[PDB]
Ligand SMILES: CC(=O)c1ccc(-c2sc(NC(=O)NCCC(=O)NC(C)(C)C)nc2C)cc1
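The chain below stands alone and is given in structure tokens; this is the form solved without this ligand.
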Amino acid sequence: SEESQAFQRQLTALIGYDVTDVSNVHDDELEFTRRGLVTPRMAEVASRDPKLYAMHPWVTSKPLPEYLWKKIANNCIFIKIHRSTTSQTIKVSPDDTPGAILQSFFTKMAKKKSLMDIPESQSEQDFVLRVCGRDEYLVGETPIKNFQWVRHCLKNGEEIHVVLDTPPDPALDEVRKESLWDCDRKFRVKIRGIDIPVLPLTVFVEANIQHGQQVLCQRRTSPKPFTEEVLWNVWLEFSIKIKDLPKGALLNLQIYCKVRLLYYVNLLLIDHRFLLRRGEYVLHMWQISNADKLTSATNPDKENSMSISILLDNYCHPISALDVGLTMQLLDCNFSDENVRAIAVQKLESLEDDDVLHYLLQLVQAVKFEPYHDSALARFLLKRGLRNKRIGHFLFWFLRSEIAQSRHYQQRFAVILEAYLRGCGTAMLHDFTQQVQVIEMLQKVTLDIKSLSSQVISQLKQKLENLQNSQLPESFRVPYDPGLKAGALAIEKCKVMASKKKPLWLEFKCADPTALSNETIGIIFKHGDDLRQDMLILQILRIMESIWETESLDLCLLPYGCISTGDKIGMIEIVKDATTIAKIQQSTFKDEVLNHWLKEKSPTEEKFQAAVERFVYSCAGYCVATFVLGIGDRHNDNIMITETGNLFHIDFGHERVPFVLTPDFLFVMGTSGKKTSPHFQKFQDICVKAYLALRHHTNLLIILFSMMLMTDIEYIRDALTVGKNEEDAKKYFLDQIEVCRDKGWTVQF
């Protein structure tokens, strides 16, 4: 159908890759998978609730932290309900249902519906409690105490403002309609010969029968002058028998030139339908600059790539939270046994949307380690994404990102991404499409302005206007934050931060009227650096605050927003009322500076003593965390602090010193030189407490870290004092503090 094709265009637009392509395919696994995923889709679509799906409540079954239960005074929690230019503070019990809270407020308005400005006729059942300024609803049979946003407010100590407005139309989430000659014969392959357009010793071929990173058999060929089309036409029979080939077995062919590896390509010996591969093959190889070294995909670049030629015999054919995360250990390169992997994914199904959100990235990457495209692991992601709009959001960008910069897996992630899009509803597709236009729009401007490297300062404003005038959406959903709708663009505040790369500082007027403020949305659109890094450091950082939460610890980390939107492109959230330590020292010189700035920003004296307490915790949170991740040694320029005293590192891309605990920091804790302080003591106590809390999960952390590097990790094992007991590790950290306590401004200047 034409329409069916008009919609395909639309999808190929978000995906960024064409799945109907056949140019770089030596079979049909991709096509077969595209149809294999249809069932899981409809199945998930058919069972989801139109109401709750469209509202996508953010809740949690975890109990409430002690540091949070303490927060709520008596058995109540104040909530402010807004409508128009009116708002009221209502008392509510932690165990009160959003709907219950709404029945209350409504009865309290038995004769005042006019004040709030609630249409007398307008039923009460036709109202929903939405967080003001963002697309976060408080709905469903769930205690107000279990909504992430509440916990967020209680925690950060902010007030809870909900705007009484109308529920989304579920109708907006409409979804479109639509055996061998002998299994005892030792396997063997015929290497015809290599070939290559241009060229920079001698070279031979290496053929291995593999099952993951595990090499079974291995054969080579007679060395020959690395001409332009070396030939061999030799048979390489392996010791393995057809029947002995393991499911997912690979034919690894590598070109060696002490010999050096230059090229490599892989071929699935046992196709998805459990059938030995057979025939003539011309595989465009990959070139040396790991999971990429395992991909079964061939090189998209047919024009200028080393092509090896093989021939396989043919035959006759008629016509329980941080615990579950440990399961992710079975989903890396170490385990390739489909069965083993399945059990693992199964075990992951018991996770809640909130937890999947925390491992979504690790999991996505884990897909590269799968022998075939269709797998439980992909189906788990597909389903968990079609089931929840917030997961779906991040699953989109994570996939669209990999597709935008990894040709080794662009094909696979694409088939998966399309599977999702075909069932996330029409509304979702639209929102996705608007976002794509923007990140694809500002992307242009970034290159149009970075190629101009002040009058450029005006070039930015100019170009922004071009977009500003009928071309850029009236408003879009901030990528790193699905709950934030950035509307108008405040070109005035837009600039071009000067650094190695040329990041773009953009401000956007919130598109939400209920927004309890005139502040603007700050997003840094940066090109050049691969935001894949940051995302991983942040992803872990969050898994740490939860590790500490299960121990009543709030180190006050600030995992700002960051999402990779393409290749070496992406955006990073901007934290208002926050500057870098460097800038502060640049606005003066004395070890008291930082402490001064704080008090200078804190209104009341009681406010200052707060930032100090918060500084203490945040600083301990990052010290410990940055040390266990091996990124403590940093520059004042890469460290920021909020006017409320919440320290936090940024820009992740990694004399000697454990971490950053300069004089100015120590000063704020009321210490200097070699002395102590009640606050500095508190700092040490927290450090040690947090540090040990992380060691209680040393395993989870190593499995999470290694998984990354796969797409020496023996350092973190030391940072985590593995082997040593509490009383020993405790001393280990304290000592590290003393190191910073003596380096002063050595490493900083």
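One-based numbering along the sequence shown.
The entry shows a gap from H654 to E655, with 10 or more unmodelled residues of the deposited sequence in between. According to the PDB entry, the deposited sequence runs on from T721 to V722 with no residue lacking coordinates between them. When the C-alpha B-factors of 495-503 and 368-376 are averaged, 495-503 comes out higher. Of the two stretches examined, 70-78 and 128-136, the record assigns the greater average C-alpha temperature factor to 70-78. Per the deposited record, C217 carries the highest C-alpha B-factor of all listed residues (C217, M428, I144, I191). Per the deposited record, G528 carries the highest C-alpha B-factor of all listed residues (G528, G483, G248, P167). Ranked against the other modelled residues of its chain, the C-alpha B-factor of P513 as given in the entry falls in the middle third. Residue-level temperature factors show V19 in the middle third of its chain, judged at the C-alpha atom.
Among the modelled residues of its chain, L700 has a C-alpha B-factor that falls in the lowest third according to the deposited record. Ranked against the other modelled residues of its chain, the C-alpha B-factor of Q684 as given in the entry falls in the lowest third. Per-chain ranking of the deposited C-alpha B factor places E44 in the lowest third.
Although it is not shown, the form deposited with this ligand bound is what the next lines describe.
Overlaying this ligand from its position in the bound PDB entry puts 3 or more ligand atoms within 2.4 angstroms of backbone or C-beta atoms here, which marks the pocket as blocked. Contact with this ligand in the bound PDB entry, defined as any heavy atom within 4.5 Å, is confined among 543-551, 389-397, 221-229, 502-510 to 502-510. This ligand in the bound PDB entry is not approached by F667, whose heavy atoms all lie more than 4.5 angstroms from it. In the bound PDB entry, this ligand sits within 4.5 Å of a heavy atom of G522. Although the partner is absent here, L262 lies well away from this ligand in the bound PDB entry, with no heavy atom inside 4.5 Å. In the bound PDB entry, no heavy atom of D301 sits within 4.5 Å of this ligand. Only one of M640, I101, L598, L442 comes within 4.5 Å of this ligand in the bound PDB entry through a heavy atom, and that residue is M640. Though this ligand is absent from this view, in the bound PDB entry it lies within 4.5 Å of a heavy atom of just one residue from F127, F238, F106, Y560, which is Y560. Taking a 4.5 Å heavy atom cutoff to this ligand in the bound PDB entry, the contacting residues in 569-597 are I572, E573, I574, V575, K576, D577, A578.
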